[PDB]
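>>> A structural model of the following input is requested.
(2 chains, ligands or ions: 4)
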Number of protein chains: 2
Amino acid sequence: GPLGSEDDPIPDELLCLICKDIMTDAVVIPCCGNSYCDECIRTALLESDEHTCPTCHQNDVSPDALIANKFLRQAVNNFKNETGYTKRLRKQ
Amino acid sequence: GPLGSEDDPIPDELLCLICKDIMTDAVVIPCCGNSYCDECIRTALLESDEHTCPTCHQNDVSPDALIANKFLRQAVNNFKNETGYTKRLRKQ
Ligand SMILES: [Zn+2]
Ligand SMILES: [Zn+2]
Ligand SMILES: [Zn+2]
Ligand SMILES: [Zn+2]
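Numbers count the residues shown, from 1 in each chain, chains lettered A, B, ... in the order given. Ligands and ions are numbered 1, 2, ... in the order given. Let me share the structure:
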């Protein structure tokens, strides 16, 4: 049936595994190929001295080796506009 | 108007720039981040001794450094099933 009208789950083709949610300005990891939030993937490598990838569990990656997944960022932007994905910010 | 009725173009978020068409099992280039057909991107580096990227015109890439854009391949698979994009395959 149809999805996206009032409900729809974010696909893994544009959803960060680290926070299990969509990301903006997503990057790619040259250790495996998965894409996540720039900050999310950075945190994984920063907190892991072994540079343990948060998906393939690699031990030779780097937050400086993060490439720009143009396609990812594009899809996310379109997806957000189709289903109208967004959230309510606060005055924190 | 809407898209998907009887005509729909392939977006740059899952469309290969090299052949200007969708691809399957797309890979990513760690030089810039763009994704293209494994065969297409391979050909670009294979024919260019300078390893001139077919998008950013880099000079230090490689067909071996091609990573697996999990997300790309997933998007392509879904997109193909949405519009019904496909072609004549052969059992060679
Ligand atoms: Zn990895
Ligand atoms: Zn994230
Ligand atoms: Zn490039
Ligand atoms: Zn191609």
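>>> out of everything not next to it in sequence, what's closest to the residue of chain A found nearest ligand 4?
Nearest to ligand 4 in chain A, going by CB to the ion, is residue A:71, at a distance of 12.6 Å. C-beta: built from backbone N, CA, C; applies to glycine. Excluding its sequence neighbours, the residue lying closest to residue A:71 (CB to CB, 6 or more residues apart in numbering or on different chains) is residue B:13, at 4.5 Å.
>>> let me see the contact set for that neighbour.
A:70, A:71, A:72, A:73, A:74, A:75, A:78, B:75 (CB atoms under 8 Å, 6 or more residues apart in numbering or on different chains).
>>> could you look up the SS state of residue A:77?
helix (DSSP: H, G, I helix; E, B strand; the rest coil).
>>> run a quick neighbour tally on it.
14 (other CB atoms under 10 Å in any protein chain shown).
>>> which residues in chain A form helices?
For chain A, helices defined by DSSP state H occupy the ranges A:38-47, A:70-79.
>>> before we move on, the earlier item: how about the residue nearest to residue A:71, phi and psi?
Main-chain torsions, residue B:13, degrees, to the nearest 10: phi -90, psi 0.
>>> residues contacting the closest residue to residue A:72 other than its chain neighbours?
Of all residues not flanking residue A:72 in the chain, residue A:26 sits nearest, at 4.2 Å (CB to CB, 6+ apart). The contact partners of residue A:26, by CB under 8 Å, 6+ apart, come to A:14, A:16, A:35, A:36, A:37, A:38, A:69, A:72, A:73, A:76.
>>> give me the number of residues near the third one?
So that's residue A:35. 32.
>>> how about the residues of chain A that lie near chain B?
A:11-14, A:27-35, A:65, A:67-75, A:78 (CB under 8 Å from any CB of the partner chain).
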